[PDB]
Amino acid sequence: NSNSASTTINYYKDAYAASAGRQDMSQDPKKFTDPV
Amino acid sequence: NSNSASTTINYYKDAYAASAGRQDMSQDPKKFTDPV
Amino acid sequence: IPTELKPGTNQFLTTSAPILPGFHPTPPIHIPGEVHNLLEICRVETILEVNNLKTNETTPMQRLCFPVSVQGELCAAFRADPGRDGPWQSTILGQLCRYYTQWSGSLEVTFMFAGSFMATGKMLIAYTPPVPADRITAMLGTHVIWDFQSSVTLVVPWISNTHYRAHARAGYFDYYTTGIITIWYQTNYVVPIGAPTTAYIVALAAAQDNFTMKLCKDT
Amino acid sequence: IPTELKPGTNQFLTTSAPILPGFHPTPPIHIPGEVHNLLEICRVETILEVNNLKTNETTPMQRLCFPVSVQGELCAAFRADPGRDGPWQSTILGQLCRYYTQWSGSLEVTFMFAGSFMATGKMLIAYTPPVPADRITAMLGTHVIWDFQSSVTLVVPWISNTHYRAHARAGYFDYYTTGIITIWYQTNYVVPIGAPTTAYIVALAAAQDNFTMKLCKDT
Amino acid sequence: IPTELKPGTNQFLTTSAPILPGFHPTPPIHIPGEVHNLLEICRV
Amino acid sequence: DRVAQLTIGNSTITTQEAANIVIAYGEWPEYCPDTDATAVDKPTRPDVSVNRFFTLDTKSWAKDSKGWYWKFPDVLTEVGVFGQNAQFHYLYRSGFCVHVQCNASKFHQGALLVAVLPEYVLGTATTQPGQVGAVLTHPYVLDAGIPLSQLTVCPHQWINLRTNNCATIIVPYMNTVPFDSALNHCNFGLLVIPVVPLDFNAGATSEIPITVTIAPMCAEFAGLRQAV
Amino acid sequence: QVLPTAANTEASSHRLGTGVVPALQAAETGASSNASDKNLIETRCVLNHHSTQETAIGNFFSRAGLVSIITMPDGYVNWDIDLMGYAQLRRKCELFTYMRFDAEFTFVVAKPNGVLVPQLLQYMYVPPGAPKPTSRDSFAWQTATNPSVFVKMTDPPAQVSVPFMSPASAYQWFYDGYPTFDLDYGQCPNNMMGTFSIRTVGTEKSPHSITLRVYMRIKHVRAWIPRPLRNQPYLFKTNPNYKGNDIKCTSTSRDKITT
Amino acid sequence: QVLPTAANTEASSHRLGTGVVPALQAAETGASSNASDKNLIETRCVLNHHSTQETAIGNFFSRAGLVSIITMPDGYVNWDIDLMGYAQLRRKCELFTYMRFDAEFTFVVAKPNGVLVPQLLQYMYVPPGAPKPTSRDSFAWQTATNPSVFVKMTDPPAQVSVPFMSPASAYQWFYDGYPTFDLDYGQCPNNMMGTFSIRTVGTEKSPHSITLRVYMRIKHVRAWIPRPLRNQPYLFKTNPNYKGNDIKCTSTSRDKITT
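Protein chains in written order, with the UniProt record's numbering: chain A, 15 to 20, 28 to 57; chain B, 15 to 20, 28 to 57; chain C, 325 to 339, 344 to 399, 403 to 461, 465 to 482, 485 to 555; chain D, 325 to 339, 344 to 399, 403 to 461, 465 to 482, 485 to 555; chain E, 325 to 339, 344 to 372; chain F, 80 to 203, 218 to 321; chain G, 589 to 661, 669 to 776, 784 to 861; chain H, 589 to 661, 669 to 776, 784 to 861.
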C-alpha cells in the first residue's frame, strides 16, 4: 500500500517505513528572491 | 502445501504461517442496509 | 555470510514458526451474512437515546424516545458529534467510533412518528453549525420542514475547517465540535376528540456513504 | 541459513518497524511558498548590523545602520567573513552558516541611502583581501564608486588558496580569513540650506548564485 | 549487511549442520511390504 | 405495495395493508448442495406436508407489557407433522418465514420492534419455552447484557399502528454446520419489544391480540432414530 | 464490489416539483434511507481520496492482546485454553458471532517484580484427550507427539503460529442449547481446544517464582452475522450473566432535555 | 528546475558605455539584486563541481535529537507527547512554520548512573481520547488496540516508525488564535497527538530506578513558508515568551565603528 509523507529500500508492507535515498536536487531561484 | 484460513511473504512450508498483506477492499452496500 | 546487527532487534511489537506441519483445516461452507468491511455496520440505522433524563435511569425503557404534546417552542436538542458521550453513545455508529480517533463524512438522522392515525401537524428540524433561542433565529441554519408514510430523513452535511475531525471534549478539543441539532413546532399538534393528546417520536441515526475512519484506538 | 556476525552490531547511530499497519495520511493540499533547498534562504538579502557599538546595547534600534555627516576620512569598517562573530551574526546567511563548517562562493553587499532627496554626494566602497589607513592606500584593492534610484551592489569575489574555506577565529584558523571591507568619502556630503545635515545608511547582505555549504554541525 | 532481529529467536521447537561430509549410505534393496501412508494400516 | 399474499403450501395469508418483505441478509433459502453436504445417507424432503403455515398461540398486549420472545425451532418441535418428524430423526436443515400480525383501530397508538436475533443466548427450563413462548424481565438489556438500542443491526421490520399491522421476515438456515439436531440446539430466536407503549382513550377495544405465524421453507432431514 | 475510496460528491442545484420526494422515507420497512446529500441541499463537486483500508476487518483485528496471566509461586501448572478472560479482547471478538481465522501466539515470561533470571522453561500444547501431566517429572513430559517449546528466560519472547483447529467450519462464541441429550447450558464442544501446561525442566525445585503473559495475534480473519456489542461488565468467563441490580445505562444522563 | 551543481563562471572583459548599468539596483522594490560577478569585474572562466546535496532539507533535518528525558525514581509515568522541550531541536524545527514529515523514534533506557540491569519494560502510545492507565496493574495495560513495545533493558535500543498523524494537512508550530469560541491562546488542537506511558511489567515493586531517553529522527520532510530564527533563550514550553529585561543583542558588540 502507498502511504507516505511525500530509489528507497523498504522491508515492510507499509510505505511510511523506509529510508530516504538520494534527496531531490531542485530549487526555484526567482520565487523567493525576485517575486515582483 | 495450501492450508490457510482464507501478496504475502512466507518463509516456511506450511501456508498458515505467513503475514497478511494489503487486505482486500471490497464491500456489498445493499446486502445489509437494504435487504428488501 | 557477513551480517550486521541493527537497532531495534529483539523488540516485541504488538503489531512466525508453525507448530503443526500437516494440518489441513476443515473446508469452509457458505454462511449467509458475511462482513468484509467494518464500515458496513456503520451504514445501518440504529435507535438514538434522546431522552437521557436523570429520572430515566431507573426506567431505561422510556429513554429511547421523547414525547410530543399540544402547546411555538422547542421539544428536544442535542449535540451531533458521534464521539462525545451523550445520546450518540447508544448508537452502534458511536460505539464503533469510540474505537477510532479521526473520522470524516456526512451523517443522516431519520425520525419516525408513532402517534395515532388521526393525529396531524408540522414539525421543524434544524441543524446549527458552531445553541439557538427561538424559531426565527434557528431557521437561519440548515433545516427541514416535516409534515405527517411518515419518515423524515434529515441529513447533516460535512462542514469542517479540517479534512479529518477528532472526538470532541472539554478543553482544546472543543475546537473540534460539529454543531447543535434542534427541533421546533412549526404548527401545533392538532388531534380530534376521543384521541390521545400525547404522542412519542423515536429517533434513528446512521452514517452516509462517504463515511470513513482511521487511527484505531482501544477504549 | 549460515550467517556471521560483524563488528559494529547493536551500535545505535544518530544518522524501522512501523506501528500502524493501515494508516492513510491526510491528503496534501497546495500551500504557497514551499522550500525544497535550504540554500534558497541564503540567497535572500537581510539587514546587516554594522553599528555594533558598546553604547548601543541598551538601544538596539540604532544598531541597524550607521550615520553619514558633513566632513576624506572613513565611516565604517568590518570583516567580511560570514561565520565569525560580529556584524554578520544578525544576517540569516550567517545564522545558517553557523550550522555548517565549510563554505564557498562569492558574496554580494547592497547599500541603501535614506537621506533627504536634496542631499547628494559620492562615496567609495572598497574590499581589501588579506586594515587600510587612508583612501589612496585603500584604492589599490577592489572598489566601487557610488553616486546618489540609490542602491549600490558591491560584490565580494571568491579568492582563496583553498576550494572550501572554514569559519575564522583566533589561532590557526586565522589562516582562513577572507578580508576587510571599508568605505571612504569620495566627496563631502553636500546638503542645501534648510535640510538635515545628517543621514543614515542601511546595509543589506546576501549570497550569490554560486554559494555552497557542507559539513553540517550543531551550534 | 544490515539485519534486524525478530521475536521468537533461539526458540527450540520440537517440530541442521551435518557431521559427516562424505558419507554415502548403503544402497537400498527391494523389500516387500512397504507402507507409504499410515492410513493403509487402518483399512485392514 | 401495500397489499401482499403468500401461499406457501396448503395455506394462504393475505393482508390489505402491509409493508414490504424483508429478506434476512439477502440469501433465499435453498436445499443443501452436494459440494457442502457431509451426510452420507439419502435425506428426506417431505415438501408440501411440512410447509403448511402454522399459527401459534395469541399473546394479549397490555398497557404495561415488557415483551415476549420465542426460541426456534422449539416452538414447532411439538406441533404438526414437523413435530412427529423431527422427533424421529437426528439431522435437520431448513429456513423459516416468520409472519407477525397485530391490527388495531385508527385511533390507537403504539409501536413494536419485530426483530430476529440469530443465536440468542440468555443469562441471569426457561431456555426452551416451547409453543407457548416466555416473556422478558429486563427488556433494556434483553437479559443478555446487550443494549436494545443497537438491536436494529439484526434483520428487523417495524410494526407501527399508524401505517401497518403486520410484518414478514424470511431468514435462511444459518449455522456453522450444514446439518444440526432439533432437540439440543436453537438456530435463532425472535424478539418483540414495545418501544412505544400502547395508549388510547377510555372507551375503545381494550383487548388487542398478537399472533405469530411461521412456516418452514426448504425442510430436509436425515438419520432414523427411534423416539426422542 | 470494490470500493477503494469513499464515493465522491456530485454537483447539484435547486429542485421544485411534484411527485418526486427523496426526503420522505419509510423506516417501517426496516431499510436504511438511500437519500443522498445532493437530493436535499445544493452541494459543490467534492472529490475525496479517503482510503478505507484502515476499516478492513483484518487491520481492525490484527492487534495482539493479553488473553491470560499465569503465575508459578509444585513447579508446574496445567492451564485450560480459553480466550474469554479479559474484557479488552472479549468485547472486540464478541461483536461477531462466527469467525474463522488464524491465531499467532506470543509468550512473555518474567519474575513478579520484572527481574530477569537465567532459567529454562518448557511449554506443551495438550490436545483434548491427550494425557495430562501431573508432576514436574511426569512421563507425559517426554513429548513423543505433542509439540513443545524450549526457551530460556533471558531469551527474546517466543513466537509461534497455531492453525484453525476446530472440528466445525468456524468458532462460535455462543451455543444456545445443550451438547448432551443447568450449568452445562451454553458450553459449545467446538471451542474446547485442549489445555496448556508449563514447567521447569530441572527435576529439582526451582528457586524463583515464574509469571507468564500470553498475547494472541490474529490473521486471515473472516467474520459472519455481526451482533450488537455489550454494555455491561462481565461476571463470569463462560456466560454473559450480569449484575441484575445496577443496570448501567448505555448513555450518560443529563439535566434537562431542552438544554 | 534542477540545479545539481552551482552555476559556473563565464569569462568577461572590460565594459565602457552609457545606459547599461548592472551595479545600480533598487532595494526599495524588495527584490534581491540579480547582478552577477561578471558584470562588475573581469573574471576568468571557472567551472565548479560543488554539489548541493548536503544543503537539501532532507539531509539537513535527518539527524536524531533528544526530545525529552523521563525518570522513574509508583512504577509508571504518563508523559504527554511534545517536541518543544529542548532548544537544540526547537530552534531547528522552528525556522519553518508548516512541515509535513515522517517521524522515527528511538528509546535509550539506562539507570541514573548508566549501569545496565536485566529488567523488562513496556511502552504504550495512547492516542487522544483513549483511556489513560492510572496504576502499574491497571486494566488499560491489556493493550487490546493500542500499540505496545516490550524490551529488556540489556537489549539494544528499540526503533519504531510513526506515520504522520495529524488531522490537518501538516503540523503547525504556531496558532495565532483560540481553539474555542488567556493561557489558552496559542494552543493548536492539531498538535496534541496523545500521550506516552511506561511501566514495569511485574506486579511487584521494581527495585531499580529507571531513566529513559527518547531521540526522534525525521524523514520525507516537506517545509513551507520559512520564518526568521530565534535569538532569545526560551522561558516556556508552549509560547515564545522571553525575559523582558535582558534583551540579548543578535551581534556581539565592539569598541569603535572605525576599527
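Beta carbons are placed, not taken as given, at the ideal position from N, Cα and C, and that holds for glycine.
| CB-CB length for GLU328/D against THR327/C, believed under 8 Å | Right, their Cβ atoms sit about 6 Å apart.
| task | Check whether the Cβ of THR692/G lies closer than 7 Å to any Cβ atom in chain C. | result | Chain C contact via Cβ: absent.
| In DSSP terms, what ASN253/F is bridged to | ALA190/F
| message | I need the straight-line Cα distance from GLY436/C to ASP510/C, nearest angstrom please. | response | 19 Å
| query | In angstroms, rounded to a whole number, what distance separates the CA positions of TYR508/D and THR854/H? | reply | 22 Å
| request: Would you list, in sequence order, the uninterrupted beta strand (DSSP E) runs of no fewer than 3 residues that lie entirely inside the stretch 711-743 of chain G? | output: 715-721
| Any C-beta of chain B sitting closer than 7 Å to the C-beta of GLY223/F? | no
| field | With 16 other Cβ atoms within 10 Å as the buried cut-off, status of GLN834/H | value | exposed
| field | Residues of the stretch 351-372 of chain C whose Cβ lies closer than 7 Å to any Cβ of chain B, in chain order | value | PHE351, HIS352, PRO353, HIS364, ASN365, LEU367, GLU368, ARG371 and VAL372
| query | Would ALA825/H count as contacting chain A if we go by Cβ distances under 7 Å? | reply | So, not an interface residue.
| said: I need the DSSP call for residue 777/G, collapsed to helix, strand or coil. | reply: Coordinates for residue 777/G are absent; the numbering of chain G skips from 776 straight to 784.
| Are any of the Cβ atoms in chain F nearer than 7 Å to that of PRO532/C? | Answer yes: the Cβ-Cβ gap between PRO532/C and chain F drops below 7 Å somewhere.
| With DSSP run on the structure shown, which of helix, strand or coil describes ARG686/G? | helix
| field | Cβ-based burial, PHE293/F [other Cβ within 10 Å; buried from 16] | value | Looking at its Cβ environment, which holds 16 or more other Cβ atoms inside 10 Å, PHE293/F is buried.
| said: Looking at the secondary structure, which residues open and close the beta strand (DSSP E) in which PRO290/F lies? | reply: 281-292
| said: Please return the same chain residues whose Cβ sits closer than 6 Å to the Cβ of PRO395/C, not counting the five positions on each side in sequence. | reply: Within the same chain, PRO395/C has close Cβ partners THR534 and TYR536.
| For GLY42/B and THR29/B, the rounded distance between their alpha carbons | 5 Å
| said: Determine whether the beta carbon atoms of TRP520/D and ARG469/D lie at a separation below 7 Å. | reply: yes
| message | Buried or exposed for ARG632/G, going by 16 or more other Cβ atoms inside 10 Å? | response | exposed
| said: 7 Å is my cut-off, CB to CB: does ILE263/F come that close to chain B? | reply: no
| message | When you compare the CB positions of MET719/G and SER743/G, do they come within less than 7 Å of one another, or not? | response | yes
| task | Output, in chain order, the set of chain C residues within a Cβ distance shorter than 9 Å of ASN334/D. | result | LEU329, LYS330, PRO331 and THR333
| Beta carbon of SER621/H, beta carbon of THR441/D: below 7 Å? | yes
| request: Determine which residues of the stretch 741-753 of chain H have a Cβ less than 7 Å from any Cβ of chain C, and write them out in chain order. | output: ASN741, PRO742, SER743, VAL744, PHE745, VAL746, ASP750, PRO751, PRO752 and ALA753
| So, helix, strand or coil for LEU337/D, using DSSP? | coil
| request: Classify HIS278/F as buried or exposed, calling it buried when 16 or more other Cβ atoms lie within 10 Å of its own Cβ. | output: buried
| query | Start and end of the alpha helix (DSSP H) containing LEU367/D? | reply | 367-370
| Amino acids of chain C, ordered along the chain, whose beta-carbon sits closer than 9 Å to that of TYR817/G | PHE336 and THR338
| request: Give me the Cβ distance between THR137/F and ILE303/F, rounded to the nearest whole Å; I'm assuming they're in contact under 8 Å. | output: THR137/F to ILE303/F, Cβ: 7 Å. Contact.
| Around the Cβ of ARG124/F, are there at least 16 other Cβ atoms within 10 angstroms (buried) or fewer (exposed)? | exposed
| query | What are the partner residues of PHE133/F, as DSSP defines its beta bridges? | reply | For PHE133/F, the beta-bridge partners assigned by DSSP are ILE307/F.
| request: Would you kindly check if the distance between the Cβ of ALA457/D and the Cβ of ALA472/D is under 7 Å? | output: yes
| task | Please determine, among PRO592/G, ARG651/G and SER808/G, the residue with the shortest C-alpha to C-alpha distance to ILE800/G. | result | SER808/G
| said: Within 7 Å of any Cβ in chain D, is that where the Cβ of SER639/G sits? | reply: yes
| message | Against chain G, with Cβ distances strictly below 7 Å, would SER18/B count as a contact? | response | yes
| Nearest-angstrom beta carbon gap, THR701/G and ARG819/G [assumed within contact, 8 Å] | 7 Å
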